[PDB]
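Single-structure report; data block below.
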There are 2 protein chains.
Amino acid sequence: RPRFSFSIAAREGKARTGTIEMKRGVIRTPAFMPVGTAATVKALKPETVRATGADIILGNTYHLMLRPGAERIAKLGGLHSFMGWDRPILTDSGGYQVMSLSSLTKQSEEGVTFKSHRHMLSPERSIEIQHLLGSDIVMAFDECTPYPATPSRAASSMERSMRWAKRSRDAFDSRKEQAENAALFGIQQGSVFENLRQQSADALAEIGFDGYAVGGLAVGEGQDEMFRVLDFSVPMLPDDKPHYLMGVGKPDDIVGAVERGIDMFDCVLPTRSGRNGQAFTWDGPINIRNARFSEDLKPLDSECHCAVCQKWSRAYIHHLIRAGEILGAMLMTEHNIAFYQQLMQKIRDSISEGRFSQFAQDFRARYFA
Amino acid sequence: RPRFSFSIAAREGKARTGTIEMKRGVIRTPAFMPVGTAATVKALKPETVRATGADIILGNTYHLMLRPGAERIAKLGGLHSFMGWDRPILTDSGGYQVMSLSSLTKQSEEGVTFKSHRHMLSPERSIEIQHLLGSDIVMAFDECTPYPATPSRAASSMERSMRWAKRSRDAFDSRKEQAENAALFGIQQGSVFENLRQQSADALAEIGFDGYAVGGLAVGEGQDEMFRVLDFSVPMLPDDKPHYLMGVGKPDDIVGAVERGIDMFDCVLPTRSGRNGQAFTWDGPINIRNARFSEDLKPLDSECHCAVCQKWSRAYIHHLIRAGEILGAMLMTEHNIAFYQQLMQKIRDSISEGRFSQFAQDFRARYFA
Ligand SMILES: [Cl-]
Ligand SMILES: [Cl-]
Ligand SMILES: [Zn+2]
Ligand SMILES: [Zn+2]
């Protein structure tokens with residue numbers, strides 16, 4: 001099996017569909033990665049994650065280095081063995097979470113020192129942690145510029161990220177086993193500014209990565225602005241490598257991002273909103289706790305193929321969530337992750353069949369009816 | 001399939017092993033019933049409950065009449081359909097929970113009026129609720145005498161329960177569909193007093209039930225006293241019908257109760273203590289959160305056949321429980337319920353093979369080493 005081979009099978013406009021072959025499995029693209037920050041996709045066994053259609057999941061350098069610890073996971077056989085997921089795992093580098101979640105941080109050219117609520121993260125340490133975890137797709141250690149940012153602050157932040165991208169490349173390439181078995185993605189920054197996004201794309205392509213993430217979005221800018229930035233930013237990246245939009249997003253965000261050339265996605269929404277009582281359906285999200293569902297015998301969604309919709313009613317899940325029952329979180333999460341995977345499957349099939357424009361139109365008309 | 005047929009295949013001393021055949025399945029005895037008070041065995045899909053070996057689960061009239069409501073469950077197709085468990089369900093009658101959980105209660109000869117935190121429960125209403133739920137084994141509506149009780153207060157309480165037992169019998173027999181498809185168990189009371197337990201057994205046998213529960217135990221009396229009461233109480237019940245010890249118990253409680261002629265058990269321990277970090281093993285319970293498990297690659301128990309012990313380490317489950325992760329509760333609960341079922345299977349096989357005395361001795365020597 002190859003370390004990393006991306007093949008585009010079909011295109012429609014800027015949208016692409018294809019596969020990433022890796023040692024631990026194939027990733028069908030466009031792909032959605034369930035988030036498994038604490039070495040678990042919340043409320044799901046790995047077999048259930050797989051049964052929903054997921055090819056790859058996301059972990060987090062920041063969370064795992066604190067609990068249970070990166071050396072500890074390596075001693076226990078690596079993240080895959082530890083959590084029981086034998087397929088590809090992509091790990092975020094800590095670049096964003098260190099700034100989002102730390103109680104105190106000190107930023108410098110070397111890296112970020114932080115208090116968890118004392119540790120260091122640098123490009124070299126981030127790559128090492130991801131090696132200890134046994135990540136299949138390693139993310140470069142970057143800085144997610146706050147939004148909004150002045151052009152000058154966005155520029156100095158992006159430039160630091162590009163120096164850190166080169167340091168990440170070098171640290172990864174130094175570790176022969178990592179370079180042989182894993183892939184490394186760079187992260188474009190530049191806030192909402194076209195010239196900075198271009199300078200960032202140029203720097204990343206000069207270094208050379210297996211894939212290219214669009215960082216610095218899904219930071220409060222809203223969909224119109226995110227799409228505007230994607231319109232110019234994604235074409236700047238190498239066409240022949242995967243494009244990963246970090247942290248995105250709602251179903252319509254995903255569709256529009258695919259229309260703009262994105263191949264990979266991750267988002268906490270399906271899991272987090274599942275636990276909170278929000279279920280995704282082809283007619284839009286529903287709040288299952290609402291009294292209107294108390295006697296509704298229909299499944300969460302009328303077409304969904306997931307095991308939850310084959311067996312249990314809205315009325316039952318309504319009862320479970322209102323009662324604070326763990327099975328409620330389990331069933332809502334499984335359905336929402338399955339819904340996301342079915343969305344990705346419909347995206348892939350429609351691109352392959354040359355009818356993605358019509359799919360996106362039909363999807364929106366019904367989802368927002 | 002028969003409505004209810006109990007067959008004893010083998011005996012060793014007072015211990016029995018056999019089967020209860022019912023329309024929705026066979027119950028192997030001695031049997032352990034996982035508790036599913038809120039129409040869910042907490043943190044388990046029904047298929048997982050079944051995979052652990054459970055033949056029957058327990059529900060509760062009191063909880064379900066308040067949330068989601070008995071008429072509502074009946075409108076939705078009954079409890080089995082609602083929760084997705086198609087095998088036998090035994091429902092407790094509300095007699096004990098109404099007094100344990102209600103914020104205010106008014107006890108009278110008619111029944112119990114209570115505030116949930118305003119409703120009524122009586123023998124007739126309890127039987128009706130259990131009909132609406134579609135229970136397979138219906139419990140008579142009784143009163144669980146507090147412990148300790150004076151002989152006179154235990155007597156007046158037991159006598160009320162025996163009048164309520166006759167009213168429960170009559171209400172059940174009046175509902176032709178219930179009498180055709182379900183079974184009715186009476187509940188012996190009498191606190192710790194042999195003469196009252198005898199008077200209660202006599203009254204219940206005169207009425208006639210499909211099975212006989214020993215009520216009024218597991219109320220704070222401790223194992224020595226519980227066993228002392230079982231020593232004289234279980235022989236008073238009809239030998240040819242199942243004997244059900246309500247609310248019991250820890251593994252050693254179950255073994256000793258089987259040695260005293262009990263055929264059926266229910267207890268919240270495996271589920272509740274699973275969520276709290278306690279795992280049952282053949283070498284006794286362990287607190288998985290303890291630091292000693294942080295790097296332990298062994299499964300929860302070295303012999304356990306459950307899916308959890310086939311796939312995940314103590315170290316991983318330790319991490320999950322300490323992190324407050326739902327999957328931690330899921331895996332601990334599945335293991336503990338599987339452990340309980342494996343205990344019951346070893347009990348059944350050892351009785352059938354005429355080596356239960358040796359099993360009980362070996363079990364205790366290792367469990368309490
Ligand atoms: Cl989540
Ligand atoms: Cl429980
Ligand atoms: Zn579904
Ligand atoms: Zn086990």
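We label chains A, B, ... in the order they appear in the structure tokens, count residues from 1 in each chain, and number ligands from 1 in the order shown.
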Grab me every residue within 10 Å of ligand 4, counting only C-alpha atoms and all ligand atoms, and send it over as a count of residues only. 29
Interface, chain B side, toward chain A (8 Å; only C-alpha atoms) as an mmCIF file with N, CA and C atoms, in the first residue's frame:
```
data_model
loop_
_atom_site.group_PDB
_atom_site.id
_atom_site.type_symbol
_atom_site.label_atom_id
_atom_site.label_comp_id
_atom_site.auth_asym_id
_atom_site.auth_seq_id
_atom_site.Cartn_x
_atom_site.Cartn_y
_atom_site.Cartn_z
ATOM 1 N N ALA B 38 -35.500 4.018 32.693
ATOM 2 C CA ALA B 38 -36.012 5.078 31.815
ATOM 3 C C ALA B 38 -36.171 4.606 30.370
ATOM 4 N N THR B 40 -34.319 2.494 28.822
ATOM 5 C CA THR B 40 -33.001 2.263 28.258
ATOM 6 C C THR B 40 -32.159 1.626 29.348
ATOM 7 N N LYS B 42 -28.808 1.909 30.663
ATOM 8 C CA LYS B 42 -28.031 3.130 30.473
ATOM 9 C C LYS B 42 -26.732 2.851 29.726
ATOM 10 N N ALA B 43 -26.523 3.602 28.646
ATOM 11 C CA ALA B 43 -25.319 3.602 27.826
ATOM 12 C C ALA B 43 -25.195 2.399 26.900
ATOM 13 N N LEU B 44 -26.246 1.570 26.737
ATOM 14 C CA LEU B 44 -26.188 0.414 25.851
ATOM 15 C C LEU B 44 -27.345 0.416 24.865
ATOM 16 N N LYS B 45 -27.055 0.171 23.596
ATOM 17 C CA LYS B 45 -28.113 -0.207 22.681
ATOM 18 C C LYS B 45 -28.686 -1.557 23.108
ATOM 19 N N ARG B 67 -42.591 9.677 32.849
ATOM 20 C CA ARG B 67 -41.838 10.086 31.679
ATOM 21 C C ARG B 67 -41.449 8.819 30.930
ATOM 22 N N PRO B 68 -41.974 8.634 29.716
ATOM 23 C CA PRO B 68 -42.780 9.546 28.906
ATOM 24 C C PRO B 68 -44.287 9.481 29.164
ATOM 25 N N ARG B 72 -48.854 7.269 26.526
ATOM 26 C CA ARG B 72 -48.018 7.660 25.403
ATOM 27 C C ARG B 72 -47.233 6.469 24.864
ATOM 28 N N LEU B 76 -47.501 4.707 21.131
ATOM 29 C CA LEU B 76 -46.359 4.551 20.256
ATOM 30 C C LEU B 76 -46.057 3.094 19.943
ATOM 31 N N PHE B 82 -40.946 0.808 21.423
ATOM 32 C CA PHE B 82 -40.433 2.133 21.748
ATOM 33 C C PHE B 82 -38.926 2.089 21.942
ATOM 34 N N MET B 83 -38.446 1.164 22.763
ATOM 35 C CA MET B 83 -37.022 1.115 23.070
ATOM 36 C C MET B 83 -36.219 0.156 22.190
ATOM 37 N N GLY B 84 -36.871 -0.641 21.353
ATOM 38 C CA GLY B 84 -36.165 -1.555 20.482
ATOM 39 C C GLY B 84 -35.647 -2.813 21.142
ATOM 40 N N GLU B 295 -1.162 2.864 32.557
ATOM 41 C CA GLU B 295 -0.371 2.249 31.493
ATOM 42 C C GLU B 295 -0.584 0.744 31.429
ATOM 43 N N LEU B 297 -1.926 -2.395 29.868
ATOM 44 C CA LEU B 297 -2.429 -2.828 28.569
ATOM 45 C C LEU B 297 -3.365 -4.020 28.652
ATOM 46 N N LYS B 311 -10.936 -5.921 22.851
ATOM 47 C CA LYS B 311 -10.428 -4.835 22.024
ATOM 48 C C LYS B 311 -9.686 -3.717 22.753
ATOM 49 N N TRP B 312 -10.052 -3.368 23.980
ATOM 50 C CA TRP B 312 -9.499 -2.177 24.609
ATOM 51 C C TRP B 312 -8.821 -2.497 25.934
ATOM 52 N N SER B 313 -7.799 -1.714 26.226
ATOM 53 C CA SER B 313 -7.020 -1.871 27.438
ATOM 54 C C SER B 313 -7.630 -1.119 28.614
ATOM 55 N N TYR B 316 -6.716 2.568 28.248
ATOM 56 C CA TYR B 316 -7.608 3.395 27.446
ATOM 57 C C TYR B 316 -8.881 3.731 28.218
ATOM 58 N N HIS B 319 -8.292 6.333 30.795
ATOM 59 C CA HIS B 319 -8.263 7.651 30.187
ATOM 60 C C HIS B 319 -9.679 8.150 29.922
ATOM 61 N N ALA B 323 -11.496 11.393 31.672
ATOM 62 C CA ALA B 323 -11.827 12.509 30.792
ATOM 63 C C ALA B 323 -13.322 12.801 30.737
ATOM 64 N N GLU B 325 -15.553 10.945 29.282
ATOM 65 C CA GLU B 325 -16.010 10.603 27.948
ATOM 66 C C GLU B 325 -17.121 9.564 27.976
ATOM 67 N N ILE B 326 -18.139 9.798 27.145
ATOM 68 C CA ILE B 326 -19.274 8.879 27.070
ATOM 69 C C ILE B 326 -18.821 7.461 26.725
ATOM 70 N N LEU B 327 -17.858 7.314 25.811
ATOM 71 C CA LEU B 327 -17.402 5.971 25.468
ATOM 72 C C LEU B 327 -16.879 5.224 26.696
ATOM 73 N N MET B 330 -19.875 3.737 28.233
ATOM 74 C CA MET B 330 -20.345 2.671 27.357
ATOM 75 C C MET B 330 -19.536 1.394 27.557
#
```
Considering only C-alpha atoms, can you say which of B:58, B:245, B:64, B:262 comes closest to residue B:132? B:64
Hey, which of A:272, A:289, A:250, A:169 ends up closest to ligand 1? Count only C-alpha atoms and all ligand atoms.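 The answer is A:272, which sits nearest to ligand 1.
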Atom pair atom CA of residue A:112 / atom CA of residue A:171: separation (Å):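 Calculated distance between atom CA of residue A:112 and atom CA of residue A:171 is 16.8 Å.
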Selection as a count of residues only: residues within 8 Å of ligand 2 by only C-alpha atoms and all ligand atoms: 11
Interatomic distance between atom CA of residue B:60 and atom CA of residue B:168?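 Going from atom CA of residue B:60 over to atom CA of residue B:168, I get 16.1 Å.
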Could you work out how far atom CA of residue A:213 lies from atom CA of residue A:158, giving the answer in Å with one decimal? 13.5 Å
Near residue B:10, within 10 Å and counting only C-alpha atoms, which residues show up once chain neighbours fewer than 6 positions away are dropped, as a PDB file with N, CA and C atoms, in the first residue's frame?
```pdb
ATOM      1  N   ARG B  16     -31.318 -24.228  41.723  1.00  0.00           N
ATOM      2  CA  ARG B  16     -31.996 -24.783  40.563  1.00  0.00           C
ATOM      3  C   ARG B  16     -31.486 -24.095  39.306  1.00  0.00           C
ATOM      4  N   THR B  17     -31.549 -24.805  38.190  1.00  0.00           N
ATOM      5  CA  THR B  17     -31.294 -24.190  36.896  1.00  0.00           C
ATOM      6  C   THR B  17     -32.327 -24.713  35.908  1.00  0.00           C
ATOM      7  N   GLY B  18     -32.728 -23.847  34.993  1.00  0.00           N
ATOM      8  CA  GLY B  18     -33.783 -24.206  34.080  1.00  0.00           C
ATOM      9  C   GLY B  18     -34.107 -23.084  33.127  1.00  0.00           C
ATOM     10  N   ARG B 348     -25.328 -21.372  36.032  1.00  0.00           N
ATOM     11  CA  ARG B 348     -26.210 -22.333  35.368  1.00  0.00           C
ATOM     12  C   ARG B 348     -25.466 -23.613  34.986  1.00  0.00           C
ATOM     13  N   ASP B 349     -24.297 -23.476  34.377  1.00  0.00           N
ATOM     14  CA  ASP B 349     -23.564 -24.660  33.958  1.00  0.00           C
ATOM     15  C   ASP B 349     -23.122 -25.479  35.155  1.00  0.00           C
ATOM     16  N   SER B 350     -22.663 -24.819  36.215  1.00  0.00           N
ATOM     17  CA  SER B 350     -22.187 -25.592  37.356  1.00  0.00           C
ATOM     18  C   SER B 350     -23.334 -26.335  38.041  1.00  0.00           C
ATOM     19  N   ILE B 351     -24.524 -25.721  38.149  1.00  0.00           N
ATOM     20  CA  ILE B 351     -25.664 -26.443  38.719  1.00  0.00           C
ATOM     21  C   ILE B 351     -26.029 -27.608  37.818  1.00  0.00           C
ATOM     22  N   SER B 352     -26.090 -27.362  36.511  1.00  0.00           N
ATOM     23  CA  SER B 352     -26.486 -28.426  35.599  1.00  0.00           C
ATOM     24  C   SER B 352     -25.527 -29.598  35.660  1.00  0.00           C
ATOM     25  N   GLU B 353     -24.255 -29.323  35.914  1.00  0.00           N
ATOM     26  CA  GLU B 353     -23.211 -30.328  35.967  1.00  0.00           C
ATOM     27  C   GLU B 353     -22.970 -30.853  37.373  1.00  0.00           C
ATOM     28  N   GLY B 354     -23.734 -30.392  38.353  1.00  0.00           N
ATOM     29  CA  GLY B 354     -23.590 -30.919  39.693  1.00  0.00           C
ATOM     30  C   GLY B 354     -22.302 -30.534  40.371  1.00  0.00           C
TER      31      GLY B 354
END
```
Compile the contact shell of residue A:224 as a list in words: residues with an atom at most 12 Å away, counting only C-alpha atoms, same-chain residues fewer than 6 positions apart removed.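 The neighbour list is residues 192, 217, 218, 230, 231, 252, 253, 256 and 257 of chain A.
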Requested write-out: C-alpha atoms of the selected residues, as a compact mmCIF listing (two decimals), in the first residue's frame:
```txt
# COMPACT_ATOMS: atom_id res chain seq x y z
CA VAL A 192 -8.98 37.43 4.38
CA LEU A 217 -11.12 30.42 8.41
CA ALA A 218 -14.14 29.33 10.41
CA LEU A 230 -12.05 30.45 -0.76
CA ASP A 231 -12.90 31.82 -4.22
CA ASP A 252 -24.16 24.04 3.26
CA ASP A 253 -20.64 25.22 4.13
CA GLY A 256 -20.13 25.46 -1.16
CA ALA A 257 -16.55 24.67 -0.19
```
Nearest-residue call for ligand 3, choices A:51, A:264, A:137, A:220, using only C-alpha atoms and all ligand atoms: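 Of the candidates, the smallest distance to ligand 3 is held by A:51.
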In stretch 150-251 of chain A, DSSP strand (DSSP E) residues written as a list in words: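 The strand (DSSP E) residues within stretch 150-251 of chain A come out as residues 183, 184, 185, 186, 187, 188, 211, 212, 213, 214, 243, 244 and 245 of chain A.
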What's the 9 Å shell around stretch 361-363 of chain A, counting only C-alpha atoms, without same-chain residues fewer than 4 positions away, as a ChimeraX atom specification? /A:252,255,282-283,356-357,367-368
If you run DSSP on the backbone here, which positions in stretch 115-303 of chain B get alpha helix (DSSP H)? Please write them as a compact mmCIF listing (two decimals) with N, CA and C atoms, in the first residue's frame.
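Result file follows (out22.txt):
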```txt
# COMPACT_ATOMS: atom_id res chain seq x y z
N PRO B 123 -53.11 -0.92 43.13
CA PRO B 123 -52.95 -2.19 42.41
C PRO B 123 -53.57 -2.14 41.03
N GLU B 124 -54.77 -1.59 40.90
CA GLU B 124 -55.43 -1.58 39.61
C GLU B 124 -54.69 -0.68 38.63
N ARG B 125 -54.27 0.51 39.08
CA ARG B 125 -53.59 1.42 38.17
C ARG B 125 -52.22 0.88 37.78
N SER B 126 -51.52 0.25 38.72
CA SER B 126 -50.22 -0.34 38.42
C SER B 126 -50.33 -1.42 37.36
N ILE B 127 -51.32 -2.31 37.51
CA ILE B 127 -51.53 -3.37 36.53
C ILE B 127 -51.90 -2.78 35.18
N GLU B 128 -52.76 -1.74 35.18
CA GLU B 128 -53.13 -1.09 33.93
C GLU B 128 -51.91 -0.49 33.25
N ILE B 129 -51.09 0.24 34.01
CA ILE B 129 -49.89 0.83 33.42
C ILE B 129 -49.03 -0.26 32.80
N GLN B 130 -48.83 -1.35 33.53
CA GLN B 130 -48.00 -2.42 33.01
C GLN B 130 -48.63 -3.05 31.77
N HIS B 131 -49.96 -3.07 31.69
CA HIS B 131 -50.63 -3.50 30.46
C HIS B 131 -50.31 -2.54 29.31
N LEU B 132 -50.45 -1.23 29.56
CA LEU B 132 -50.17 -0.23 28.54
C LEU B 132 -48.73 -0.33 28.06
N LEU B 133 -47.80 -0.61 28.97
CA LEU B 133 -46.41 -0.79 28.58
C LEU B 133 -46.20 -2.05 27.76
N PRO B 151 -42.07 -5.65 64.58
CA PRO B 151 -42.95 -6.74 64.12
C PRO B 151 -44.35 -6.28 63.77
N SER B 152 -44.96 -5.41 64.59
CA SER B 152 -46.33 -5.00 64.31
C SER B 152 -46.43 -4.16 63.05
N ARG B 153 -45.48 -3.24 62.85
CA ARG B 153 -45.51 -2.42 61.63
C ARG B 153 -45.18 -3.27 60.41
N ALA B 154 -44.28 -4.23 60.55
CA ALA B 154 -44.02 -5.15 59.44
C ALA B 154 -45.26 -5.97 59.11
N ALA B 155 -46.00 -6.39 60.14
CA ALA B 155 -47.19 -7.19 59.92
C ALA B 155 -48.28 -6.39 59.21
N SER B 156 -48.56 -5.17 59.67
CA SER B 156 -49.62 -4.40 59.02
C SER B 156 -49.23 -4.02 57.60
N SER B 157 -47.94 -3.77 57.36
CA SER B 157 -47.48 -3.49 56.01
C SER B 157 -47.63 -4.72 55.12
N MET B 158 -47.16 -5.86 55.60
CA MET B 158 -47.27 -7.10 54.83
C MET B 158 -48.72 -7.44 54.53
N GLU B 159 -49.60 -7.25 55.52
CA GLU B 159 -51.01 -7.58 55.31
C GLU B 159 -51.63 -6.69 54.24
N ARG B 160 -51.28 -5.40 54.24
CA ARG B 160 -51.73 -4.52 53.16
C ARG B 160 -51.21 -5.01 51.82
N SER B 161 -49.93 -5.37 51.76
CA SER B 161 -49.38 -5.89 50.52
C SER B 161 -50.13 -7.14 50.06
N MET B 162 -50.58 -7.98 50.99
CA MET B 162 -51.26 -9.20 50.57
C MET B 162 -52.66 -8.88 50.04
N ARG B 163 -53.35 -7.91 50.63
CA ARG B 163 -54.61 -7.46 50.04
C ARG B 163 -54.37 -6.83 48.67
N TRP B 164 -53.29 -6.07 48.52
CA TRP B 164 -52.96 -5.49 47.23
C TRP B 164 -52.57 -6.57 46.22
N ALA B 165 -52.00 -7.67 46.70
CA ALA B 165 -51.65 -8.78 45.80
C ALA B 165 -52.90 -9.41 45.20
N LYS B 166 -53.95 -9.58 46.01
CA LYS B 166 -55.21 -10.10 45.50
C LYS B 166 -55.83 -9.11 44.52
N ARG B 167 -55.80 -7.81 44.84
CA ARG B 167 -56.32 -6.83 43.91
C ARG B 167 -55.52 -6.81 42.60
N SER B 168 -54.20 -7.02 42.68
CA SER B 168 -53.37 -7.09 41.48
C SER B 168 -53.73 -8.30 40.63
N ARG B 169 -53.89 -9.46 41.27
CA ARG B 169 -54.34 -10.66 40.59
C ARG B 169 -55.66 -10.42 39.85
N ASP B 170 -56.63 -9.83 40.54
CA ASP B 170 -57.94 -9.61 39.92
C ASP B 170 -57.87 -8.63 38.76
N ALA B 171 -57.09 -7.55 38.91
CA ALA B 171 -56.98 -6.57 37.84
C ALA B 171 -56.32 -7.19 36.62
N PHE B 172 -55.28 -7.99 36.84
CA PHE B 172 -54.60 -8.67 35.74
C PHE B 172 -55.54 -9.66 35.05
N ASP B 173 -56.26 -10.46 35.84
CA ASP B 173 -57.13 -11.48 35.25
C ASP B 173 -58.30 -10.88 34.48
N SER B 174 -58.68 -9.65 34.82
CA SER B 174 -59.78 -8.97 34.15
C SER B 174 -59.44 -8.53 32.74
N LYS B 176 -58.17 -9.48 29.48
CA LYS B 176 -57.98 -10.78 28.83
C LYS B 176 -56.68 -10.84 28.04
N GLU B 177 -56.33 -9.76 27.34
CA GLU B 177 -55.12 -9.78 26.53
C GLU B 177 -53.88 -9.89 27.42
N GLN B 178 -53.91 -9.24 28.58
CA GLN B 178 -52.81 -9.31 29.51
C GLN B 178 -52.69 -10.72 30.09
N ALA B 179 -53.83 -11.28 30.50
CA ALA B 179 -53.82 -12.62 31.08
C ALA B 179 -53.40 -13.68 30.06
N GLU B 180 -53.66 -13.43 28.78
CA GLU B 180 -53.28 -14.37 27.73
C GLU B 180 -51.79 -14.31 27.39
N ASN B 181 -51.18 -13.13 27.47
CA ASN B 181 -49.86 -12.91 26.91
C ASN B 181 -48.77 -12.64 27.92
N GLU B 194 -39.76 -14.43 60.46
CA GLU B 194 -40.10 -15.71 59.85
C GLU B 194 -41.61 -15.94 59.83
N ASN B 195 -42.30 -15.65 60.93
CA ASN B 195 -43.74 -15.90 60.95
C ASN B 195 -44.47 -15.03 59.93
N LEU B 196 -44.01 -13.80 59.72
CA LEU B 196 -44.68 -12.93 58.75
C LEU B 196 -44.37 -13.36 57.33
N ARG B 197 -43.12 -13.77 57.09
CA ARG B 197 -42.76 -14.28 55.77
C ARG B 197 -43.59 -15.52 55.43
N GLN B 198 -43.86 -16.36 56.43
CA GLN B 198 -44.71 -17.53 56.22
C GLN B 198 -46.14 -17.12 55.91
N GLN B 199 -46.69 -16.18 56.68
CA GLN B 199 -48.05 -15.72 56.44
C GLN B 199 -48.17 -15.08 55.06
N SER B 200 -47.12 -14.37 54.63
CA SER B 200 -47.11 -13.76 53.32
C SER B 200 -47.03 -14.82 52.22
N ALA B 201 -46.12 -15.79 52.37
CA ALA B 201 -46.04 -16.86 51.38
C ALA B 201 -47.36 -17.61 51.27
N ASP B 202 -48.01 -17.87 52.41
CA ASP B 202 -49.28 -18.59 52.39
C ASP B 202 -50.33 -17.80 51.64
N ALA B 203 -50.41 -16.50 51.90
CA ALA B 203 -51.41 -15.69 51.21
C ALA B 203 -51.15 -15.67 49.71
N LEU B 204 -49.88 -15.57 49.31
CA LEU B 204 -49.58 -15.48 47.89
C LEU B 204 -49.88 -16.79 47.19
N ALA B 205 -49.56 -17.91 47.83
CA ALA B 205 -49.82 -19.21 47.21
C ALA B 205 -51.31 -19.47 47.10
N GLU B 206 -52.09 -19.01 48.09
CA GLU B 206 -53.54 -19.16 48.03
C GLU B 206 -54.11 -18.43 46.82
N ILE B 207 -53.60 -17.23 46.53
CA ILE B 207 -54.04 -16.48 45.37
C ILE B 207 -53.58 -17.17 44.10
N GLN B 223 -25.60 -8.35 54.19
CA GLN B 223 -25.65 -9.67 53.56
C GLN B 223 -25.97 -10.77 54.56
N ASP B 224 -25.37 -10.75 55.75
CA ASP B 224 -25.65 -11.79 56.72
C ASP B 224 -27.14 -11.87 57.01
N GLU B 225 -27.77 -10.72 57.25
CA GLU B 225 -29.20 -10.73 57.57
C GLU B 225 -30.03 -11.10 56.35
N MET B 226 -29.66 -10.61 55.17
CA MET B 226 -30.39 -11.01 53.97
C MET B 226 -30.35 -12.52 53.79
N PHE B 227 -29.17 -13.11 53.92
CA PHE B 227 -29.04 -14.56 53.77
C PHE B 227 -29.84 -15.31 54.82
N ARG B 228 -29.81 -14.83 56.07
CA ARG B 228 -30.60 -15.45 57.14
C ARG B 228 -32.08 -15.46 56.80
N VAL B 229 -32.59 -14.34 56.28
CA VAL B 229 -34.01 -14.28 55.91
C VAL B 229 -34.28 -15.19 54.71
N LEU B 230 -33.38 -15.22 53.73
CA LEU B 230 -33.56 -16.11 52.58
C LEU B 230 -33.57 -17.57 53.02
N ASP B 231 -32.75 -17.92 54.01
CA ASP B 231 -32.66 -19.30 54.48
C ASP B 231 -34.03 -19.88 54.80
N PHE B 232 -34.87 -19.12 55.54
CA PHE B 232 -36.22 -19.60 55.82
C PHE B 232 -37.28 -19.14 54.82
N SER B 233 -37.06 -18.03 54.11
CA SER B 233 -38.15 -17.46 53.32
C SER B 233 -38.33 -18.19 51.99
N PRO B 251 -22.00 -9.54 43.06
CA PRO B 251 -21.78 -10.93 42.61
C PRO B 251 -21.90 -11.96 43.73
N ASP B 252 -21.28 -11.72 44.89
CA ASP B 252 -21.36 -12.71 45.97
C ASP B 252 -22.77 -12.81 46.54
N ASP B 253 -23.54 -11.71 46.51
CA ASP B 253 -24.94 -11.78 46.92
C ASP B 253 -25.70 -12.74 46.02
N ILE B 254 -25.45 -12.64 44.71
CA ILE B 254 -26.13 -13.50 43.75
C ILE B 254 -25.78 -14.96 43.99
N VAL B 255 -24.48 -15.26 44.15
CA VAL B 255 -24.09 -16.65 44.35
C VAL B 255 -24.77 -17.23 45.58
N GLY B 256 -24.73 -16.49 46.69
CA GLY B 256 -25.33 -16.99 47.92
C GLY B 256 -26.83 -17.10 47.82
N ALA B 257 -27.46 -16.18 47.09
CA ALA B 257 -28.90 -16.25 46.90
C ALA B 257 -29.29 -17.46 46.05
N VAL B 258 -28.49 -17.78 45.03
CA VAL B 258 -28.74 -18.99 44.25
C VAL B 258 -28.61 -20.22 45.13
N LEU B 269 -26.25 -2.15 40.08
CA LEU B 269 -24.80 -2.06 40.28
C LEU B 269 -24.00 -2.13 38.99
N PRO B 270 -24.14 -3.14 38.14
CA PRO B 270 -23.22 -3.21 36.99
C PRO B 270 -23.27 -1.97 36.12
N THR B 271 -24.46 -1.42 35.91
CA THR B 271 -24.59 -0.23 35.09
C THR B 271 -24.11 1.01 35.85
N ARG B 272 -24.66 1.26 37.04
CA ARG B 272 -24.29 2.43 37.82
C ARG B 272 -22.80 2.44 38.17
N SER B 273 -22.27 1.33 38.66
CA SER B 273 -20.86 1.33 39.04
C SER B 273 -19.96 1.35 37.81
N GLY B 274 -20.44 0.85 36.67
CA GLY B 274 -19.68 1.00 35.44
C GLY B 274 -19.45 2.45 35.11
N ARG B 275 -20.52 3.25 35.14
CA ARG B 275 -20.39 4.67 34.83
C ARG B 275 -19.47 5.36 35.81
```
